């Protein structure tokens, strides 16, 4: 069973870097859009009895990328692949994980079912918005952590002697605590409120940030709305400075303008989504980690062992 890697249109540079890290070419496939906006996929060479891995992130245009992935998985099974894995570095619809209003779609579950119907045997992903999304799949899911790559970034960039990890929202405490333990840093919480959409009010601080290098971490940065509020709150609480990181650098709508305007020193994210150009933006490549996971899925070696427990 040859190992074969293909890409949709979402993140061909990540797919290419993954193939190169495996010492393999990126498989040849074409995606066309007809004048009627219908899609067409075709594998240019045989992938018969292949262990096929198809890379696609849920970035704009999202529904074209979802359909391209469904059609490439379908076409791979139809062309007699032995096994088909959906490599989905950023699964945006993991945010659609609950029925928080009546009569909506739990779209993360619907998409799991659609991927299974299309013929996916497995999923490989990173930093799901919520860990319960794993249970929306019947097929095996290998869920990679960005914890080691994000902690490495900070360890190489900031003054650890004078640093603190800050959660700006109750939901951020678990991921922030993991980072704090990895860097040997104190953990603080900043309870803030957007009052007049130009001012944010510091209600409560637990821990110390005054004159400290504050670190914030999230699963994703979309519009940078939460990043901006936390940084403003932290400078109002007298932080020296703020470094931010996330797994998914989605960077849509006002994100780039907001980051340029914010006093935030730097914003780092992986390449699960194609990076955008910006003076304070940094990229943390996960091509080598996805390549190692794919190698281990293919050979039946331990993907769980890739979650290291190193302390800086």
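Residue numbers count along the first chain shown, from 1.
With 160-168 and 79-87 compared on mean CA B-factor from the PDB entry, the stretch scoring higher is 160-168. Comparing 189-197 with 230-238, the stretch with the higher mean C-alpha B-factor in the PDB entry is 189-197. For the set 133, 73, 104, 173, the PDB entry puts the maximum C-alpha B factor at 173. The PDB entry assigns the greatest CA B-factor among 207, 119, 148, 140 to 207.
Sort the chain's modelled residues by C-alpha temperature factor and residue 203 lands in the highest third, per the entry. Per the deposited record, the Cα B-factor of residue 262 falls in the highest third when ranked against the other modelled residues of its chain.
The PDB entry assigns residue 65 a C-alpha temperature factor belonging to the lowest third of its chain's modelled residues. When the modelled residues of the chain are ordered by C-alpha B-factor, residue 111 sits in the lowest third. Among the modelled residues of its chain, residue 220 has a C-alpha B-factor that falls in the middle third according to the deposited record.
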